[PDB]
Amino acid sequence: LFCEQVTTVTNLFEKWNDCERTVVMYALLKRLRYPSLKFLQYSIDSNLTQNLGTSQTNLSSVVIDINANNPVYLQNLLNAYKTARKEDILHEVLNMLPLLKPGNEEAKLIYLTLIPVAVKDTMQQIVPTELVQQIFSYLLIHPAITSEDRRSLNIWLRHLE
């Protein structure tokens, strides 16, 4: 019965995109006890070292991390969104947002300056609404995003619901 329940769950998971996988994994962590969270912390520290030890995924992983936390990269991207490439830049933001480090205020500020522009763009149908809904989903549960940040973003969420 167990190996089967696990095969069901595993299949439903692989039918999910990264944002759905990350949000669900976040919710399941809230159903774990301390010893389990510590095991998973040490486990990720192996899987993360694993990625950064194999060409297949090392460079891409190191780069998206620095880019997602580098105000110079992020500001240059915001200046290019306003103009065009909105859908591709929004995809880059969605790919980078999960790596925003708690305490990185400079980087967080640029992310929160772009979200308003993007919600307005989704209302004028300039950009797909699905992308912005996934960005706000991360923002709602993000360890780097404060309760204040959320209240200031509430005006733009209503439109997305």
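Numbers for residues come from their place in the sequence shown, where the first is 1.
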Mean Cα B-factor check, 128 to 136 vs 59 to 67, entry values; winner is 128 to 136
Stretch with higher mean Cα temperature factor, 137 to 145 vs 7 to 15, is 7 to 15
Top Cα B-factor in this entry, restricted to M123, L28, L37, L99, sits on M123
Assert third(CA B-factor, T113) within chain per record equals middle
So, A84's CA B-factor, relative to its chain, sits in which third? The highest
Binned into thirds over the chain's modelled residues, the C-alpha B-factor of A107 lands in the lowest
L52: CA B-factor among chain residues, third -> highest
